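Observations on the three-dimensional arrangement
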Amino acid sequence: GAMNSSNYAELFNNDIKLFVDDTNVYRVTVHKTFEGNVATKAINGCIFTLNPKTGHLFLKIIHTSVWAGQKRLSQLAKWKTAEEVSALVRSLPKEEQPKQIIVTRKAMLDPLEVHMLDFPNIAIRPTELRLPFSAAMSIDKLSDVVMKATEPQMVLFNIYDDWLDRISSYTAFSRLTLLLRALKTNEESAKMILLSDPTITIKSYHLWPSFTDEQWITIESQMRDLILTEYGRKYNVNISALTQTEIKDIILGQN
Amino acid sequence: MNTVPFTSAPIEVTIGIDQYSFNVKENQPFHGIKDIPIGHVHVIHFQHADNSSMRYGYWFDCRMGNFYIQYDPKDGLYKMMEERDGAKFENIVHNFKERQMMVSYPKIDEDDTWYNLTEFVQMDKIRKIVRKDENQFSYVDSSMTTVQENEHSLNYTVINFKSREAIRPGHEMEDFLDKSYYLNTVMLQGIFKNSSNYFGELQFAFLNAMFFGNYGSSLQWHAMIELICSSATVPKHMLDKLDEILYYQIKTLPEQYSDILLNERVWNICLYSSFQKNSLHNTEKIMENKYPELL
């Protein structure tokens, strides 16, 4: 699984690398046109590009103007993502450019390889982990900045808040993935956990609440419980029977 | 019809000529091959008893000269040579009169198969790939690799669908999804100059894969097929010709080698997914009849 994957271990070496998730690029609301058929209406989307080492999230907001006059949007979205990711990389100083880009969906490989031909030293690879990055719009400050956009724009976030002052990148990425996996599993339950104590505030400049080290342990335990009970119902298994490597496989989404 | 005499045959050998083959045993008298349709290109090839030794041979054109075979005890190979003096060659051809023991190239009154397999293969196409030397004929063997394999070389035009050459900057999606720019501007207009040269290399790739077992040649053949089919815009005369070219290749392919000479991915794309799938009418028909396991 993930815990015996040399690939997974590599995320936390000293190479610069970026995850790209394109799941939220093309988003719609569902309607009906005069012919009675299904009608879709694009709403703003985003590219989730993350440095798992620093927590820096380059959130490219995909304003609905970029679909105007275009067709086959579900195919185009992947090519647009690739276009933007490559533009990002071009914008960066050389020693800040990633040695590797990991796409969450294999359908991104051809479009990104083609767009990155000017960077032959940047390796594009898929992952066998089903990472929960699509749940990114369950984070209110991300959802809000995307929906309020009136034009294409890039917004930088640190998705680890101030955690790296106290824990390692591995621990912060594991925390991030746990939170997103919980929000993906059931957003209401996951929010009830995060927001149960309103005296622990989400700072204006943060995405997550200001838990103490002590409090994060409890929160992480509750998130784990939520995720594993859903898996447990899905397969009719007691949580307590799951091994630690199994739990990580569940959380990271090992194929 | 022409003759390729042998001035000696001192060593056992299995000999191929175009699609035919025969054995010459230890101490068997043998003076060559006659009744060869003049045509415009042929291959003669050789295999000795050690299965581990290479198959080697020569592509040649009877129209260009008087060619013959002679064993060379120095390199230990049958070699092709040219006789520029017509009278000396005539003497070689008629040496020994009724005592001549020769193979007759089968009559092909309605087996235009060899013509169809080599329609666009002329010696200049071959020399592009197998570097020209002092001879009017071109040596090839089963140990040769392509420059692409390398990354005695087969210098095919490199086709790479994910390369700057295939993709104009700013046309990424356009050029990856529709290969027309790459086929028409880069390959046909830029490199091959015309479709006959393109088809010639495609046919030679097939023949080398079939005769000398070179996997890189099979890769090149498939890539040149895929390039055409994955282009929305192809000159109509190419489109109409491609189906016939492939039809005879599939027809002639040794069925024992079909597993390693035929790429499932490329054929399913070309026949069922590509822009030009409807232009492969007979090729689809022969594939379905002869190799249904590939579809």
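Residues numbered from 1 in each chain as written, not as in the entry; some residues may be left out. Chains lettered and ligands numbered in written order. Heavy atoms only, no water.

Judging from the entry metadata, X-ray crystallography is the method by which this structure was determined, and 1.850 Å is the reported resolution.

Within the PDB entry, the label attached to chain B reads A1 cistron-splicing factor AAR2, and the organism entered is Saccharomyces cerevisiae. Regarding chain B, the UniProt comment filed under Function reads as follows: "Component of the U5 snRNP complex that is required for spliceosome assembly and for pre-mRNA splicing. Involved in splicing pre-mRNA of the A1 cistron and other genes that are important for cell growth." For chain B, the Subunit comment in UniProt is given as "Heterodimer (Probable). Interacts with PRP8 (via RNase H homology domain and MPN domain), competing with BRR2 for the same binding site. Component of a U5 snRNP complex that contains at least the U5 snRNA, PRP8, SNU114, AAR2, SMB1, SMD1, SMD2, SMD3, SME1, SMX2 and SMX3, but is not a component of the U4/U6-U5 tri-snRNP complex." (UniProt positions renumbered as here; feature names shortened; annotations may be inferred.)

Looking up chain A in the PDB entry gives the name Pre-mRNA-splicing factor 8, with the organism given as Saccharomyces cerevisiae.

Some details on the overall build of chain B
Along chain B, the regular secondary structure elements total twelve helices and twelve strands. The C-alpha atoms of chain B give 21 Å as radius of gyration, which agrees with the globular expectation for 295 residues (19 Å, within 12%). Each principal axis of the C-alpha distribution contributes one length, and for chain B these read about 70 × 40 × 35 Å. When each of the 295 residues of chain B is scored for burial, the buried share is 51%. Carbon and sulfur atoms make up 49% of the accessible area of chain B, which totals about 14,100 Å². With 28 positive and 40 negative side-chain charges, chain B shows a spacing of 3 Å between the two charge centroids. (Helix = DSSP H or I, 4+ residues; strand = E, 2+ residues; numbered from the N terminus. Rg over C-alpha atoms; globule rule 2.2 N^0.38 Å. Buried < 20%, exposed > 50% of the residue type's maximum accessible area, 1.4 Å probe, protein only. Areas by Shrake-Rupley, 256 points an atom, 1.4 Å probe, with all protein chains shown as cover. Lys, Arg positive; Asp, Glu negative; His and termini not counted. Charge placed at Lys NZ, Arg CZ, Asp CG, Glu CD.)

Overview of empty space enclosed by the protein
Residue and element names in this part refer to chain B. Within this model, the largest cavity holds a volume of roughly 60 Å³. Among the elements of the structure, helix 4 (147-150) and helix 8 (215-229) are those that each provide at least two residues to the lining of the largest cavity. Per element, the largest residue contribution to the lining of the largest cavity is three residues, and it comes from helix 8. (1 Å grid on protein atoms, 1.4 Å probe; cavity = no way out; pocket = protein on both sides within 12 Å on 5 of 7 lines; lining within 4 Å. Points joined across faces, edges and corners; volume = space filled by probe spheres on them.)

Notes on the domain arrangement of chain A
Residues and elements named next belong to chain A. Domain parsing of chain A yields domain 1 (1-161) and domain 2 (162-255). The centre of domain 1, based on its C-alpha atoms, is set 23 Å off from the matching centre of domain 2. Counting from both sides, the interface comprises 30 residues of domain 1 and, opposite them, 31 residues of domain 2. When domain 1 packs against domain 2, close to 2,800 Å² is buried across both sides, 62% of that on carbon and sulfur atoms. Our enumeration of links across domain 1 and domain 2 arrives at one salt bridge. The partner of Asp140 in a salt bridge is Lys191, with the nearest N and O atoms 3.6 Å apart. Listing elements by their share of the side of domain 1 that touches domain 2, those giving two or more residues are helix 4 (140-148) and strand 8 (153-158). Looking at the side of domain 1 that touches domain 2 residue by residue, the classes come out as 19 nonpolar, five polar and six charged. (Domains from an automatic or database assignment. Contact = heavy atoms within 4.5 Å. Buried area = accessible area lost by both parts, 1.4 Å probe. Salt bridge = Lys/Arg side-chain N within 4 Å of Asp/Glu carboxyl O. Nonpolar A, V, L, I, M, F, W, Y, C, P; charged D, E, K, R; others polar.)

Considering the layout of surface pockets
All names here are of chain B. By volume, the largest pocket amounts to about 360 Å³. Elements represented by at least two residues in the lining of the largest pocket include exactly strand 3 (20-24), helix 7 (195-212), helix 8 and helix 10 (258-261). Of the residues belonging to the lining of the largest pocket, the class tally is ten nonpolar, seven polar and two charged.

Side note on the environment of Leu57 of chain A
Residue and element names in this part refer to chain A. By the secondary structure assignment, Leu57 is in strand 5 (residues 56-62). Classification of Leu57 by relative accessible area gives buried; the value is 0%. Separated by 71 residues in the primary sequence, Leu57 and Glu128 place their C-alpha atoms 21 Å from one another. Discounting chain neighbours no more than four positions away, the residues touching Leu57 are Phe48, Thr49, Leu50, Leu142, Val155, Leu156, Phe157 and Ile159.

Observations concerning the domain arrangement of chain B
Residues and elements named next belong to chain B. The domain architecture assigned to chain B consists of domain 1 (1-143) and domain 2 (144-295). Measuring from the centre of the C-alpha atoms in domain 1 to the corresponding centre in domain 2 gives 29 Å. Listed per partner, the contact involves 27 residues of domain 1 and 28 residues of domain 2. For the domain 1 face of the interface with domain 2, the top three residues by lost area are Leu117, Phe120 and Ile129, together amounting to 30%. For the pair domain 1 and domain 2, the number of links is two salt bridges. Residue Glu119 pairs with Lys241 through a salt bridge whose shortest N-O separation is 2.9 Å. For the pair domain 1 and domain 2, the interface holds nine residue pairs in polar contact. (Polar contact = N/O pair within 3.5 Å; in protein donor to acceptor, adjacent residues only side chain to side chain.)

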